[PDB]
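Novice: There's a structure below that I have some questions on.
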Amino acid sequence: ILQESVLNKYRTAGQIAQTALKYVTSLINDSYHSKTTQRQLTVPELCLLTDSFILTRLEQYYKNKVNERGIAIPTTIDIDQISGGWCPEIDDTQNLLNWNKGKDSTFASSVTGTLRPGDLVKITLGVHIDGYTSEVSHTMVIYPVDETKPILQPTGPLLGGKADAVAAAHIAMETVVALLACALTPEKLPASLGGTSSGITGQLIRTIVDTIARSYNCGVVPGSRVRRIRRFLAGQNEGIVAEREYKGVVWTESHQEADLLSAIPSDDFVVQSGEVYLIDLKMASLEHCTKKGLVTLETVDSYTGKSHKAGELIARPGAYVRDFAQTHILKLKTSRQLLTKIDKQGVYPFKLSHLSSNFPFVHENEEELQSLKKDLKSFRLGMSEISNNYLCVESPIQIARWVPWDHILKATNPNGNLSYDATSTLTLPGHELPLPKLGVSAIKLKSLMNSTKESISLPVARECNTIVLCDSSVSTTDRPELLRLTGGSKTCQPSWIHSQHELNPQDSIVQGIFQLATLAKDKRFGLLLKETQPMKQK
Amino acid sequence: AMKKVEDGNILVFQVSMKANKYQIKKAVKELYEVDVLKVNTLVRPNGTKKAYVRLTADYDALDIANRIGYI
Amino acid sequence: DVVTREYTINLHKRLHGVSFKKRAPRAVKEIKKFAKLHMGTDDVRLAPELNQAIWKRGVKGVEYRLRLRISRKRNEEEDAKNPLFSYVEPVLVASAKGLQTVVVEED
Amino acid sequence: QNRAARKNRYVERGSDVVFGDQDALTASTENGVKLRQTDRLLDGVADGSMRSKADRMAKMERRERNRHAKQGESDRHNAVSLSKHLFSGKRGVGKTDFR
Amino acid sequence: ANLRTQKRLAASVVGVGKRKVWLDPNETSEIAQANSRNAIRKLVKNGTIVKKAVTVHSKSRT
Amino acid sequence: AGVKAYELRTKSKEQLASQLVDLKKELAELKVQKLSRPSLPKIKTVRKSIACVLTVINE
Amino acid sequence: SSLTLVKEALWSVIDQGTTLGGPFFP
Amino acid sequence: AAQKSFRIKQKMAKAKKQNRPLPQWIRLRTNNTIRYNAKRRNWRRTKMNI
RNA sequence: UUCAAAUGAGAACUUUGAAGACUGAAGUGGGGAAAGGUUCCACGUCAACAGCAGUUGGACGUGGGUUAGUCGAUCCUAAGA
Ligand SMILES: [Mg+2]
Ligand SMILES: [Mg+2]
Ligand SMILES: [Mg+2]
Ligand SMILES: [Mg+2]
Ligand SMILES: [Mg+2]
Ligand SMILES: [Mg+2]
Ligand SMILES: [Mg+2]
């Protein structure tokens, strides 16, 4: 039930998220683009600084008036093929170097922590106040610096499949925002898009997103979703923790199979007023795919001995999820104190460094960082016994992978539907049917991906916003309108890209998309979007 | 075994059946660059030898555990 | 039908001639049979304090007369084969002599 | 008592909202093992379909020994065909082999 | 539930025989969660586990 | 993969000793990983590499 | 067979531009 | 006995390591005929005789 | 031996509590020697075994556990070899 206090909490969370995104963008620009800073910051340092900034900002709001507040989604920096889960800790730099010695240079940016020109950096972070969660995610491009131009500007725009992915993600984000804002004014929906008397449907969402992706020659990564957000139920760990009820549209390998052949989420809903929606879209480029293939995900482990592949990434996830349905008394006093600290976080993923007493740092000092690492050692000692008794689980690091359909069709599975992963610790991904019609399980699909010689990794671009459908009493101007709590032209400003693809204006869906854009730009007789502003610091 | 890491600055190793306490202490000091307070040993009922290695107070066994990789 | 009465049971004539190791268990069974006869319920439950009153003087020292409160109540569980059951309680009194069957006003 | 009851207030939290009715979140192992505990019996069979097939094969294999009422695969007691101490008797007027 | 282990641990921790430890019949789940002597000590502290007094052997007639 | 004896035979004593030490360190790390992951195929090739280096040195 | 029909259908079915942003660092 | 010789303890360690049923992946091999451990030992059934 | 509750498809036999008894310090208590060899302890768990039963087990499946300059062996010699 939307109300004044709920709206204020959502707005405050969105403002803090926007300010944090501006802070990380400024730090990355000053380290790699402006190059005025003496020292280039690395990815774990940027993540730690982001989390400290978020905590210091959130300290001043709703103090002793809200039971639970903090970081909802820990800061994540995903580069290219990595599509999520990359939040490495500061005590793992040498571990990453030792683990990935003797490998290829494909994941060199993630291994070293230093960004390189031509990289797609996806920054994701979220903030919750009293269970009301606002999350933002934005893709940006790293550019080389021109030496002759008086002002710091890129030498040239991004070109190719990465540009295709960024353009597809940006345009799909804007189009979905406009379509969802059209739910409050059902009379402004174009006839070509759908019924004038009809509302907004998950089928319409799916066909618009798929039309944009197919027009830009990109695939929707199976992590993407457009869903509804409630209190403490924001999909902060969607593939891990099961939810009783789901109202949204998701994309999977099963959906790819259905398109090619043309608790459970279903695209058979109607968007209602007074609701909060999360839109996370990941587009993977298909530039190097000479055939028709399937987009899926690969999990990264920390075992260098499982294979001989030189292009393999070996890493350890940095974020953990607490399972409050499981209880087991630990033998270690360190483990018991760590679990006491973990239970204070709540139902959101957390980092080990977030549990330290030093964090967040007030005066950033080398001695403070040393005390933080000293705490991290004992935290890892406690976490070893915590995870071994299934009290907490890891959020996996994932890479987008492309598998051709001919290999899948030629393959044989003697078990079919019956097979599943019996050694999988997590329940939800262990029992999975990525291809229900072909009867191919997740373990069989992983076998196919490993056995295929032409299974490649696709660069991914991400855009994720949070919106609220404010009614007449909820909104200020006495008419319903869309409030974008995170993202917009100020924080999520698109990078300099150029792509050779475009929407074809001869399609009914494309014409509907263009009419949505025009009606959104019409600020008098069109749609009304209010964008949350990042607060000043200095 | 992991309890002793915090309880008494003790690392627990599986060692060769042909090794004595002198060899175990020397091997630990060479491999991990730490000082060893003392070494206790036993033969397990499965036939392998276990060594409790207590380090001096100048070194933390927790750091060595983190460096080895198990934690 | 929910009801509650107080009775006197004569265990002396019921345990007349019983072997000494079996007197208190047979008193338990005779009380169950007594409650079944008076209430029409196959499901009879004895209070542990009543069991203490039976066994107070050992295996062969059962009292001649006992004052009991028997309550026929509804069985809330659906899986039970019966809708009603009896619950037998002890009535600790000055003496169990000269007492008649009475109806307890439940409130 | 009223002051104590008003002091003892139950306030719901995010854990009650999210994990209040659910359970599990972890694939319960067949042998009750910890996360980093070896399973001598099942580590070589990755998928549960083949695990169940192997289990059915073992259960079918056990039937003859179970019909012979053995304590297990380790029960290999052998009885002799005939016992000489029971079939070596001519009882004279004197000492016997048993009472 | 099976509280045999908890009964033995409570006897050892309190320092009396198993005949002298009382486990609350209503806190069955709380006692069942206690797998360590530390948790047993906590239960003794909060009163779920109680030490019984010795059976008297009076010397008055003697 | 692993190492090849004909490629090892072109190196000197100090290089072979250094390679043997590096292989033994890698084997120790793999034995650490084995405690959590029971199936680890790289152990076999590291052990065979160590045996091959020892054979070349002795030759 | 339904699996055969699905596999046959899958085999039968598989067998300017745009510019965003500008010369600046946001 | 508690105070045992090392030779006896070594044989005991070998017997302990031998005490197991078959691994399940053995049953799935091509042309497998090993269907149970026919040499399994139990402490209360067959004595080791030193 | 009895009562109630819990667990469980199922409870005379399992767990807790409530009772009644017994070993009565030359014990049905607490430790060891010979011998056994993991039977110790935890988790899972009932096809076979525990001459009834069984949710229980010294059973079945998977693991954990035995830390010495001072306790022994090791050294000395006895009858002897
Ligand atoms: Mg010793
Ligand atoms: Mg008679
Ligand atoms: Mg007597
Ligand atoms: Mg007596
Ligand atoms: Mg029987
Ligand atoms: Mg036992
Ligand atoms: Mg056993």
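Simple scheme: letters A, B, ... for chains in structure tokens order, numbers from 1 for residues in each chain, numbers from 1 for ligands in the order shown.
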Between chain I and ligand 6, at 9 Å or less, what are the per-residue closest atom pairs and their distances in Å? Count only C-alpha atoms (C1' of nucleotides) and all ligand atoms, order by chain and rising residue number, and return it as a tab-separated table.
Specialist:
residue	atom	partner	partner_atom_place_in_ligand_line	distance
I:39	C1'	ligand 6	1 (Mg)	8.0
I:40	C1'	ligand 6	1 (Mg)	7.0
I:41	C1'	ligand 6	1 (Mg)	7.5
I:57	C1'	ligand 6	1 (Mg)	7.9
I:58	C1'	ligand 6	1 (Mg)	6.7
Novice: Could those selected residues go to a file with C-alpha atoms (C1' of nucleotides), as a PDB file, in the first residue's frame?
Specialist:
ATOM      1  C1'   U I  39      32.898 -51.869  18.856  1.00  0.00           C
ATOM      2  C1'   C I  40      34.227 -44.962  21.107  1.00  0.00           C
ATOM      3  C1'   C I  41      31.442 -40.148  19.175  1.00  0.00           C
ATOM      4  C1'   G I  57      20.987 -50.558  18.535  1.00  0.00           C
ATOM      5  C1'   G I  58      27.502 -52.948  19.918  1.00  0.00           C
TER       6        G I  58
END
Novice: Write out as an NGL selection string which residues come within 10 Å of stretch 6-17 of chain E when counting only C-alpha atoms (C1' of nucleotides), dropping same-chain ones fewer than 5 positions away.
Specialist: (:E and (22-23 or 31-41 or 43-44 or 49-52 or 54)) or (:I and (16))
Novice: For the residues in the current selection, export C-alpha atoms (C1' of nucleotides) as a PDB file, in the first residue's frame.
Specialist:
ATOM      1  CA  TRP E  22      16.053 -32.516  34.925  1.00  0.00           C
ATOM      2  CA  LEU E  23      15.401 -31.542  31.304  1.00  0.00           C
ATOM      3  CA  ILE E  31      17.235 -28.967  24.144  1.00  0.00           C
ATOM      4  CA  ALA E  32      17.465 -30.862  20.838  1.00  0.00           C
ATOM      5  CA  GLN E  33      19.346 -27.953  19.252  1.00  0.00           C
ATOM      6  CA  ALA E  34      22.040 -28.116  21.976  1.00  0.00           C
ATOM      7  CA  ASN E  35      24.884 -30.271  20.644  1.00  0.00           C
ATOM      8  CA  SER E  36      27.764 -28.836  22.700  1.00  0.00           C
ATOM      9  CA  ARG E  37      28.699 -28.488  26.349  1.00  0.00           C
ATOM     10  CA  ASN E  38      28.661 -24.711  25.804  1.00  0.00           C
ATOM     11  CA  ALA E  39      24.997 -24.816  24.771  1.00  0.00           C
ATOM     12  CA  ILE E  40      24.283 -27.180  27.676  1.00  0.00           C
ATOM     13  CA  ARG E  41      25.870 -24.649  30.054  1.00  0.00           C
ATOM     14  CA  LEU E  43      20.562 -24.110  29.090  1.00  0.00           C
ATOM     15  CA  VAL E  44      21.596 -24.715  32.714  1.00  0.00           C
ATOM     16  CA  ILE E  49      18.160 -27.896  32.718  1.00  0.00           C
ATOM     17  CA  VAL E  50      18.011 -28.115  36.520  1.00  0.00           C
ATOM     18  CA  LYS E  51      20.123 -30.007  39.062  1.00  0.00           C
ATOM     19  CA  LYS E  52      17.996 -32.072  41.448  1.00  0.00           C
ATOM     20  CA  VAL E  54      20.147 -35.334  46.817  1.00  0.00           C
TER      21      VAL E  54
ATOM     22  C1'   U I  16      11.440 -36.350  28.041  1.00  0.00           C
TER      23        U I  16
END
Novice: Using only C-alpha atoms (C1' of nucleotides) and all ligand atoms, which residues of the polymer chains come no farther than 10 Å from ligand 7? I'd like the answer as a list in words.
Specialist: residues 38, 39, 58, 59, 60, 61 and 62 of chain I
Novice: Filtering to N, CA, C and O atoms (P, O5', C5', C4', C3', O3' and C1' of nucleotides), could you give me those residues as a PDB file, in the first residue's frame?
Specialist:
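Contents of the output file again.pdb:
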ATOM      1  P     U I  38      37.580 -52.998  13.396  1.00  0.00           P
ATOM      2  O5'   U I  38      36.620 -51.775  13.736  1.00  0.00           O
ATOM      3  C5'   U I  38      35.687 -51.828  14.813  1.00  0.00           C
ATOM      4  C4'   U I  38      35.378 -50.450  15.358  1.00  0.00           C
ATOM      5  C3'   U I  38      35.363 -49.321  14.326  1.00  0.00           C
ATOM      6  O3'   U I  38      34.418 -48.324  14.712  1.00  0.00           O
ATOM      7  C1'   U I  38      36.979 -48.853  15.970  1.00  0.00           C
ATOM      8  P     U I  39      32.841 -48.587  14.595  1.00  0.00           P
ATOM      9  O5'   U I  39      32.452 -49.171  16.025  1.00  0.00           O
ATOM     10  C5'   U I  39      31.309 -49.990  16.203  1.00  0.00           C
ATOM     11  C4'   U I  39      31.362 -50.741  17.509  1.00  0.00           C
ATOM     12  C3'   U I  39      31.552 -49.904  18.766  1.00  0.00           C
ATOM     13  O3'   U I  39      30.350 -49.306  19.208  1.00  0.00           O
ATOM     14  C1'   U I  39      32.898 -51.869  18.856  1.00  0.00           C
ATOM     15  P     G I  58      24.921 -47.800  18.441  1.00  0.00           P
ATOM     16  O5'   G I  58      25.765 -49.127  18.179  1.00  0.00           O
ATOM     17  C5'   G I  58      26.383 -49.818  19.259  1.00  0.00           C
ATOM     18  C4'   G I  58      27.329 -50.899  18.792  1.00  0.00           C
ATOM     19  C3'   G I  58      26.707 -51.986  17.919  1.00  0.00           C
ATOM     20  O3'   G I  58      27.711 -52.525  17.058  1.00  0.00           O
ATOM     21  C1'   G I  58      27.502 -52.948  19.918  1.00  0.00           C
ATOM     22  P     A I  59      27.764 -52.147  15.497  1.00  0.00           P
ATOM     23  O5'   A I  59      26.390 -52.696  14.906  1.00  0.00           O
ATOM     24  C5'   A I  59      26.201 -54.079  14.644  1.00  0.00           C
ATOM     25  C4'   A I  59      25.087 -54.317  13.654  1.00  0.00           C
ATOM     26  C3'   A I  59      25.222 -53.614  12.312  1.00  0.00           C
ATOM     27  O3'   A I  59      26.066 -54.317  11.419  1.00  0.00           O
ATOM     28  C1'   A I  59      23.019 -53.332  13.146  1.00  0.00           C
ATOM     29  P     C I  60      27.060 -53.535  10.429  1.00  0.00           P
ATOM     30  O5'   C I  60      26.097 -52.781   9.412  1.00  0.00           O
ATOM     31  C5'   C I  60      25.461 -53.468   8.344  1.00  0.00           C
ATOM     32  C4'   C I  60      24.675 -52.512   7.485  1.00  0.00           C
ATOM     33  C3'   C I  60      25.458 -51.334   6.927  1.00  0.00           C
ATOM     34  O3'   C I  60      26.182 -51.651   5.751  1.00  0.00           O
ATOM     35  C1'   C I  60      23.443 -50.554   7.885  1.00  0.00           C
ATOM     36  P     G I  61      27.583 -50.931   5.442  1.00  0.00           P
ATOM     37  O5'   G I  61      27.193 -49.418   5.143  1.00  0.00           O
ATOM     38  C5'   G I  61      26.559 -49.051   3.928  1.00  0.00           C
ATOM     39  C4'   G I  61      26.342 -47.559   3.836  1.00  0.00           C
ATOM     40  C3'   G I  61      27.545 -46.674   4.122  1.00  0.00           C
ATOM     41  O3'   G I  61      28.453 -46.582   3.038  1.00  0.00           O
ATOM     42  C1'   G I  61      25.654 -45.814   5.237  1.00  0.00           C
ATOM     43  P     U I  62      29.996 -46.226   3.309  1.00  0.00           P
ATOM     44  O5'   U I  62      29.979 -44.709   3.791  1.00  0.00           O
ATOM     45  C5'   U I  62      29.657 -43.656   2.897  1.00  0.00           C
ATOM     46  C4'   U I  62      29.712 -42.312   3.580  1.00  0.00           C
ATOM     47  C3'   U I  62      31.028 -41.945   4.243  1.00  0.00           C
ATOM     48  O3'   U I  62      32.012 -41.499   3.323  1.00  0.00           O
ATOM     49  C1'   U I  62      29.235 -41.421   5.697  1.00  0.00           C
TER      50        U I  62
END
Novice: Quick one: pick out all helix (DSSP H, G or I) residues within chain H from a backbone DSSP run and write them as a ChimeraX atom specification.
Specialist: /H:6-18,24-28
Novice: Could you give me, as a list in words, the residues within 12 Å of residue I:68, counting only C-alpha atoms (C1' of nucleotides) and dropping anything in the same chain fewer than 5 positions from it?
Specialist: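 So, after excluding close chain neighbours, the residues are residues 39, 40, 41 and 42 of chain B.
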Novice: Could you list, as a PyMOL selection string, all residues that come within 8 Å of ligand 5? Count only C-alpha atoms (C1' of nucleotides) and all ligand atoms.
Specialist: chain I and resi 50-53
Novice: Would you list the residues that come within 10 Å of ligand 4? Count only C-alpha atoms (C1' of nucleotides) and all ligand atoms and give the answer as a list in words.
Specialist: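 For ligand 4, the residues inside 10 Å are residues 21, 22, 23 and 24 of chain I.
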Novice: Deliver the residues from the most recent selection as a file, using N, CA and C atoms (P, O5', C5', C4', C3', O3' and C1' of nucleotides), as a PDB file, in the first residue's frame.
Specialist:
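Result file is part36.pdb:
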ATOM      1  P     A I  21       7.843 -48.454  46.294  1.00  0.00           P
ATOM      2  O5'   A I  21       8.381 -49.825  45.691  1.00  0.00           O
ATOM      3  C5'   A I  21       9.762 -50.139  45.707  1.00  0.00           C
ATOM      4  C4'   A I  21      10.130 -51.061  44.576  1.00  0.00           C
ATOM      5  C3'   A I  21      11.559 -51.578  44.595  1.00  0.00           C
ATOM      6  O3'   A I  21      11.711 -52.698  45.445  1.00  0.00           O
ATOM      7  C1'   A I  21      11.055 -50.760  42.441  1.00  0.00           C
ATOM      8  P     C I  22      12.896 -52.747  46.522  1.00  0.00           P
ATOM      9  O5'   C I  22      14.147 -53.243  45.678  1.00  0.00           O
ATOM     10  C5'   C I  22      14.060 -54.410  44.881  1.00  0.00           C
ATOM     11  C4'   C I  22      15.153 -54.455  43.849  1.00  0.00           C
ATOM     12  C3'   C I  22      16.567 -54.267  44.365  1.00  0.00           C
ATOM     13  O3'   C I  22      17.098 -55.435  44.968  1.00  0.00           O
ATOM     14  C1'   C I  22      16.256 -52.976  42.406  1.00  0.00           C
ATOM     15  P     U I  23      18.250 -55.313  46.080  1.00  0.00           P
ATOM     16  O5'   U I  23      19.579 -55.091  45.231  1.00  0.00           O
ATOM     17  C5'   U I  23      20.001 -56.044  44.266  1.00  0.00           C
ATOM     18  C4'   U I  23      21.159 -55.525  43.455  1.00  0.00           C
ATOM     19  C3'   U I  23      22.361 -55.061  44.256  1.00  0.00           C
ATOM     20  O3'   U I  23      23.224 -56.130  44.605  1.00  0.00           O
ATOM     21  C1'   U I  23      21.827 -53.450  42.594  1.00  0.00           C
ATOM     22  P     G I  24      23.444 -56.557  46.137  1.00  0.00           P
ATOM     23  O5'   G I  24      23.679 -55.183  46.904  1.00  0.00           O
ATOM     24  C5'   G I  24      24.841 -54.393  46.672  1.00  0.00           C
ATOM     25  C4'   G I  24      24.891 -53.190  47.579  1.00  0.00           C
ATOM     26  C3'   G I  24      24.775 -53.493  49.076  1.00  0.00           C
ATOM     27  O3'   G I  24      25.637 -52.626  49.807  1.00  0.00           O
ATOM     28  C1'   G I  24      23.139 -51.925  48.455  1.00  0.00           C
TER      29        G I  24
END
Novice: Report as a PDB file with N, CA, C and O atoms (P, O5', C5', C4', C3', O3' and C1' of nucleotides), in the first residue's frame which protein, DNA and RNA residues come within 12 Å of ligand 1, using only C-alpha atoms (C1' of nucleotides) and all ligand atoms.
Specialist:
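Final output, saved to out20.pdb:
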ATOM      1  N   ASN B  20      60.374 -37.430  11.733  1.00  0.00           N
ATOM      2  CA  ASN B  20      60.358 -37.148  13.158  1.00  0.00           C
ATOM      3  C   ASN B  20      60.079 -35.663  13.393  1.00  0.00           C
ATOM      4  O   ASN B  20      59.892 -34.878  12.459  1.00  0.00           O
ATOM      5  N   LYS B  21      60.059 -35.277  14.671  1.00  0.00           N
ATOM      6  CA  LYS B  21      59.673 -33.919  15.037  1.00  0.00           C
ATOM      7  C   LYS B  21      60.682 -32.885  14.550  1.00  0.00           C
ATOM      8  O   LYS B  21      60.286 -31.778  14.169  1.00  0.00           O
ATOM      9  N   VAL B  39      56.252 -29.216  18.525  1.00  0.00           N
ATOM     10  CA  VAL B  39      55.580 -30.169  17.646  1.00  0.00           C
ATOM     11  C   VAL B  39      55.169 -31.386  18.463  1.00  0.00           C
ATOM     12  O   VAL B  39      56.016 -32.029  19.094  1.00  0.00           O
ATOM     13  N   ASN B  40      53.879 -31.710  18.444  1.00  0.00           N
ATOM     14  CA  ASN B  40      53.373 -32.980  18.943  1.00  0.00           C
ATOM     15  C   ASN B  40      52.928 -33.830  17.758  1.00  0.00           C
ATOM     16  O   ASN B  40      52.491 -33.304  16.735  1.00  0.00           O
ATOM     17  N   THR B  41      53.067 -35.148  17.881  1.00  0.00           N
ATOM     18  CA  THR B  41      52.727 -36.040  16.780  1.00  0.00           C
ATOM     19  C   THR B  41      51.908 -37.217  17.289  1.00  0.00           C
ATOM     20  O   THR B  41      51.946 -37.565  18.470  1.00  0.00           O
ATOM     21  N   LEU B  42      51.159 -37.823  16.372  1.00  0.00           N
ATOM     22  CA  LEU B  42      50.480 -39.081  16.649  1.00  0.00           C
ATOM     23  C   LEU B  42      50.334 -39.869  15.354  1.00  0.00           C
ATOM     24  O   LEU B  42      50.423 -39.321  14.254  1.00  0.00           O
ATOM     25  N   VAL B  43      50.119 -41.173  15.500  1.00  0.00           N
ATOM     26  CA  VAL B  43      49.767 -42.044  14.385  1.00  0.00           C
ATOM     27  C   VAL B  43      48.273 -42.317  14.463  1.00  0.00           C
ATOM     28  O   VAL B  43      47.780 -42.842  15.469  1.00  0.00           O
ATOM     29  N   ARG B  44      47.548 -41.949  13.410  1.00  0.00           N
ATOM     30  CA  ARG B  44      46.110 -42.109  13.368  1.00  0.00           C
ATOM     31  C   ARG B  44      45.745 -43.577  13.156  1.00  0.00           C
ATOM     32  O   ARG B  44      46.559 -44.362  12.669  1.00  0.00           O
ATOM     33  N   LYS B  49      50.331 -40.205   9.744  1.00  0.00           N
ATOM     34  CA  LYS B  49      50.823 -39.454  10.891  1.00  0.00           C
ATOM     35  C   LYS B  49      50.271 -38.032  10.872  1.00  0.00           C
ATOM     36  O   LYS B  49      50.276 -37.372   9.828  1.00  0.00           O
ATOM     37  N   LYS B  50      49.802 -37.572  12.030  1.00  0.00           N
ATOM     38  CA  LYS B  50      49.289 -36.223  12.228  1.00  0.00           C
ATOM     39  C   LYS B  50      50.220 -35.445  13.150  1.00  0.00           C
ATOM     40  O   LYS B  50      50.704 -35.978  14.154  1.00  0.00           O
ATOM     41  N   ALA B  51      50.466 -34.180  12.810  1.00  0.00           N
ATOM     42  CA  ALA B  51      51.346 -33.316  13.585  1.00  0.00           C
ATOM     43  C   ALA B  51      50.607 -32.045  13.976  1.00  0.00           C
ATOM     44  O   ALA B  51      50.067 -31.344  13.113  1.00  0.00           O
ATOM     45  N   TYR B  52      50.575 -31.767  15.277  1.00  0.00           N
ATOM     46  CA  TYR B  52      50.167 -30.476  15.810  1.00  0.00           C
ATOM     47  C   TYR B  52      51.412 -29.611  15.958  1.00  0.00           C
ATOM     48  O   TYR B  52      52.317 -29.943  16.731  1.00  0.00           O
TER      49      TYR B  52
ATOM     50  P     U I  66      42.817 -36.959  18.266  1.00  0.00           P
ATOM     51  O5'   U I  66      42.987 -38.250  19.180  1.00  0.00           O
ATOM     52  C5'   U I  66      42.992 -38.155  20.600  1.00  0.00           C
ATOM     53  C4'   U I  66      43.810 -39.256  21.237  1.00  0.00           C
ATOM     54  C3'   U I  66      45.218 -39.450  20.675  1.00  0.00           C
ATOM     55  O3'   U I  66      46.077 -39.906  21.720  1.00  0.00           O
ATOM     56  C1'   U I  66      44.005 -41.451  20.448  1.00  0.00           C
ATOM     57  P     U I  67      46.795 -38.887  22.732  1.00  0.00           P
ATOM     58  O5'   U I  67      47.624 -37.907  21.793  1.00  0.00           O
ATOM     59  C5'   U I  67      48.898 -38.274  21.276  1.00  0.00           C
ATOM     60  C4'   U I  67      49.742 -37.063  20.960  1.00  0.00           C
ATOM     61  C3'   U I  67      50.427 -36.414  22.159  1.00  0.00           C
ATOM     62  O3'   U I  67      51.644 -35.813  21.724  1.00  0.00           O
ATOM     63  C1'   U I  67      48.972 -34.858  21.164  1.00  0.00           C
ATOM     64  P     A I  68      53.035 -36.593  21.877  1.00  0.00           P
ATOM     65  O5'   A I  68      53.459 -36.338  23.390  1.00  0.00           O
ATOM     66  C5'   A I  68      53.850 -35.048  23.852  1.00  0.00           C
ATOM     67  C4'   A I  68      54.476 -35.116  25.227  1.00  0.00           C
ATOM     68  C3'   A I  68      55.818 -35.842  25.304  1.00  0.00           C
ATOM     69  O3'   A I  68      56.605 -35.260  26.344  1.00  0.00           O
ATOM     70  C1'   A I  68      54.251 -36.960  26.664  1.00  0.00           C
ATOM     71  P     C I  71      57.026 -40.583  34.996  1.00  0.00           P
ATOM     72  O5'   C I  71      55.615 -40.615  34.257  1.00  0.00           O
ATOM     73  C5'   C I  71      54.416 -40.886  34.968  1.00  0.00           C
ATOM     74  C4'   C I  71      53.617 -41.975  34.303  1.00  0.00           C
ATOM     75  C3'   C I  71      54.409 -43.198  33.880  1.00  0.00           C
ATOM     76  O3'   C I  71      54.638 -44.088  34.958  1.00  0.00           O
ATOM     77  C1'   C I  71      52.950 -42.535  32.126  1.00  0.00           C
ATOM     78  P     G I  72      55.908 -45.064  34.945  1.00  0.00           P
ATOM     79  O5'   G I  72      55.476 -46.204  33.927  1.00  0.00           O
ATOM     80  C5'   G I  72      56.412 -46.767  33.029  1.00  0.00           C
ATOM     81  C4'   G I  72      55.725 -47.566  31.957  1.00  0.00           C
ATOM     82  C3'   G I  72      56.653 -48.227  30.956  1.00  0.00           C
ATOM     83  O3'   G I  72      57.181 -49.450  31.431  1.00  0.00           O
ATOM     84  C1'   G I  72      54.953 -47.085  29.795  1.00  0.00           C
ATOM     85  P     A I  73      58.750 -49.748  31.319  1.00  0.00           P
ATOM     86  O5'   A I  73      58.922 -50.366  29.863  1.00  0.00           O
ATOM     87  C5'   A I  73      57.985 -51.297  29.345  1.00  0.00           C
ATOM     88  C4'   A I  73      57.982 -51.285  27.838  1.00  0.00           C
ATOM     89  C3'   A I  73      59.347 -51.356  27.172  1.00  0.00           C
ATOM     90  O3'   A I  73      59.834 -52.683  27.069  1.00  0.00           O
ATOM     91  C1'   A I  73      58.046 -49.657  26.158  1.00  0.00           C
TER      92        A I  73
END
Novice: Enumerate as a PyMOL selection string the residues within 8 Å of ligand 2, counting only C-alpha atoms (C1' of nucleotides) and all ligand atoms.
Specialist: chain C and resi 17-19
Novice: Go ahead and dump the residues you just picked, N, CA and C atoms, as a CSV table (one decimal), in the first residue's frame.
Specialist:
chain,number,residue,atom,x,y,z
C,17,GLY,N,-8.1,-61.0,45.5
C,17,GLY,CA,-7.4,-62.2,45.1
C,17,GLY,C,-6.3,-62.1,44.0
C,18,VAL,N,-6.0,-60.9,43.6
C,18,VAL,CA,-5.0,-60.6,42.5
C,18,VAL,C,-3.6,-60.8,43.1
C,19,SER,N,-2.7,-61.3,42.2
C,19,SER,CA,-1.3,-61.5,42.6
C,19,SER,C,-0.7,-60.1,42.9
Novice: To one decimal place in Å, what is the distance between atom CA of residue A:104 and atom CA of residue A:304?
Specialist: 13.2 Å
Novice: Set the distance at 7 Å and use only C-alpha atoms (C1' of nucleotides): which residues neighbour stretch 21-23 of chain H once local chain neighbours fewer than 4 positions away are removed? I'd like the list as a PyMOL selection string.
Specialist: (chain D and resi 40-42) or (chain H and resi 36-37)
Novice: Can you write just those residues out, C-alpha atoms, as a short mmCIF file (atom, residue, chain, number, x, y, z; two decimals), in the first residue's frame?
Specialist:
data_model
loop_
_atom_site.label_atom_id
_atom_site.label_comp_id
_atom_site.auth_asym_id
_atom_site.auth_seq_id
_atom_site.Cartn_x
_atom_site.Cartn_y
_atom_site.Cartn_z
CA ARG D 40 32.89 -42.77 -0.20
CA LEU D 41 29.75 -44.28 -1.75
CA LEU D 42 28.32 -41.57 -4.02
CA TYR H 36 29.02 -56.84 -3.67
CA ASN H 37 32.12 -56.93 -1.49
#
Novice: I need the contact residues of chain I against chain D, so if you could list those with any atom within 6 Å, counting only C-alpha atoms (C1' of nucleotides), and return them as a list in words, that would help.
Specialist: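 In the required form, that comes to residues 43, 44, 48, 49 and 62 of chain I.
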